[PDB]
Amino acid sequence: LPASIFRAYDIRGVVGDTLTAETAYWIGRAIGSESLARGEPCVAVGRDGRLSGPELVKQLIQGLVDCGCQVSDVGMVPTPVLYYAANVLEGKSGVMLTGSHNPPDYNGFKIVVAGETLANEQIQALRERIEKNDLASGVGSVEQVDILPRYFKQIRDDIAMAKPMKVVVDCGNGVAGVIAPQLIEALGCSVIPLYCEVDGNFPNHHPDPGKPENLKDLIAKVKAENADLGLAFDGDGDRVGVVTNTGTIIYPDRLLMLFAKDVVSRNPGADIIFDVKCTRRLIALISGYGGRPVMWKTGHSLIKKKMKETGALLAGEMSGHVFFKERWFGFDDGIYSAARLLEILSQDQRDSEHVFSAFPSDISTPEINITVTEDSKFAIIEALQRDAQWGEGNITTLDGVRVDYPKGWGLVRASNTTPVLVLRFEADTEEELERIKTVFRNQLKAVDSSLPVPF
């Protein structure tokens, strides 16, 4: 098996190339062996709506059963529905076969063993088990479980909308269309569907709400139908993107402000996690409401671990993964998050544009990406962490280097999904944004004067 598919947060490859049916079998065998080693024979399995789903899921399931595992096959479901299954069924282990927001031929595995989402050395440990033949052998079993209705009811029974809303829902032809439009209607909304037929060819736009290009159809429909809100889901339903009644894109760090207010109001002193890419305004906002702001590393699996370590009631990433523990289970779930957003907005007499515009705003950049190499990206960060001078500011090195200045901040870190450096800048003036950019530009050039600086 190729080493490149074993990534920091999960497993991901290209079907036909780096991820075959046989690889899926052996990955199943490794996960089943690790689950058993943690005392957990029961493993839930789900898949998204990708073309390669049926082929690879059978092999994944067989690998697990060949360890002696008891598999609960939940069929085709959103990622969070698989996480849900691993919280409410007998077993605390689960595997989701998904390639997330990537092009059609990509697939992969997001893995929970005995309650914990695997990352880093734990993901490599699976690859290492296969190489070593450190694998369990036994005769397992498979039971079909129809879990979607239970999930649907769980959310419906706990969300209380105070008024009706009209909402455009763009599924991007991903697996969210199996439930999101139906659930949102059941909450007391009317839903205008966009690309909600599940189709793994992704013939309209990629289900990647983090790019504004993939929200253009949603924004136009919101305006044309005079809708109260627009929602877009990524391919496997663990990410959500939001647009207001006037078409304004609400970035996830700003969504989190609304959610942090909600959660902290019922839970004084609650820990609230956000990643290094999120606005500093969120930090002040959480503290002002009496919560404890906890900045952490990018990556769904890393955020979920940090939530267990801190007891945080809510987490969010700039990528749109939002993780409710309060009233919920602590996993990232775009569908549940949409429902929580609708609950809050429905209790407000103002429109969604005005609810979000009331929070402070700064001037910010879109995520910047510089392509380096897979085998040099971490070394560039290490050199910055060793050598760099940032001027006066609060320096955080938990993920790359983030520096928080009086009037703004900057970040440079290595991506764990691509061979790139990722940067973000925010400040309260254009002048300050340029000052911080110049600091980072000069520090990168000090490490490697040939490095591109396309900001």
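We call the rigid core the largest set of C-alpha positions that still match within 1.5 Å between the two forms. Don't overthink the numbering: it's just position in the shown sequence, from 1.
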query: Stretch departing more from the displayed form, 362-370 or 198-206, Cα RMS in 5 other deposited structures of this protein (core fit); finding: 362-370
query: Larger mean CA deviation from the shown form in 5 other deposited structures of this protein [core fit; 350-358 vs 371-379]; finding: 371-379
query: Given 306-314 and 160-168, the range whose Cα B-factors average higher in the PDB entry; finding: 160-168
query: Per the entry, higher mean C-alpha B factor between 171-179 and 198-206; finding: 198-206
query: From 238, 326, 105, 262, residue of greatest CA B-factor; finding: 105
query: Most elevated Cα B-factor in the entry, residues 275, 367, 90, 146; finding: 367
query: Assigned third (lowest, middle, highest) for the C-alpha B factor of residue 330; finding: lowest
query: Chain-wide C-alpha B factor ranking for residue 56, given as lowest, middle or highest third; finding: highest
query: Residue 394 CA temperature factor, ranked by third within the chain; finding: highest
query: CA B-factor ranking of residue 289, expressed as a third of its chain; finding: middle
query: Chain-wide C-alpha B factor ranking for residue 416, given as lowest, middle or highest third; finding: middle
